[PDB]
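>>> make a model of this:
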Amino acid sequence: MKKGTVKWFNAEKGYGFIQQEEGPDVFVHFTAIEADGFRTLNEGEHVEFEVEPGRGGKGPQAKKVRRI
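Numbers count the residues shown, from 1 in each chain. Let me share the structure:
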């Protein structure tokens, strides 16, 4: 479970990318976002994300994303 700001979140498509203290971004999708209702984020805002192995194309996906 990592927490970081979001670079961009396409609500029209259902995908986004988050960047933690590490460095690189993460693969996030509406099928991973963990919220109760509106699963839309805002660029510049903080949000959590649980990077998983066989979940995202590039590998690390936001299996567990949170709004912050």
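
>>> tell me how many other residues surround the residue nearest to residue 50 when sequence neighbours are not counted.
Counting by C-beta to C-beta, 6 or more residues apart in numbering, residue 50 lies nearest to residue 64, which is 3.3 Å off, once chain neighbours are set aside. Any C-beta I mention is one placed from the backbone N, CA and C, and that applies to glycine too. Using other C-beta atoms under 10 Å, the number of residues around residue 64 comes to 15.

>>> how far away is residue 64 from residue 7?
Distance from residue 64 to residue 7, counting by C-beta to C-beta, to the nearest Å: 19 Å.

>>> contact partners of stretch 31-45?
For stretch 31-45, the external contacting residues (C-beta atoms under 8 Å, 6 or more residues apart in numbering) are 5-9, 11, 14, 16, 30, 47, 49, 55, 61-68.

>>> now the end-to-end length of that stretch.
End-to-end distance for stretch 31-45, by C-alpha to C-alpha, to the nearest Å: 20 Å.

>>> got the buried residues for that stretch?
Taking 16 or more other C-beta atoms under 10 Å as the neighbour-count basis, stretch 31-45 is seen to contain the buried residues 32, 33, 39, 41.

>>> same deal with stretch 9-25?
9, 15, 16, 17, 18, 20, 25.

>>> which two from those end up farthest apart in space?
15 and 20 (17.5 Å; C-beta to C-beta).

>>> show me the contacts for residue 22.
Taking C-beta under 8 Å, 6+ apart, one finds 2, 4 in contact with residue 22.

>>> quick one: secondary structure of it?
When classified by DSSP: H, G, I helix; E, B strand; the rest coil, residue 22 comes out as coil.

>>> quick one: contacts for residue 25?
By C-beta under 8 Å, 6+ apart, the neighbours of residue 25 are 7, 17, 18, 19.

>>> surely residue 17 and residue 4 touch.
No: in this structure residue 17 lies outside contact range of residue 4 using C-beta atoms under 8 Å: 10.0 Å.

>>> I'm done for today, thanks for sticking with me.
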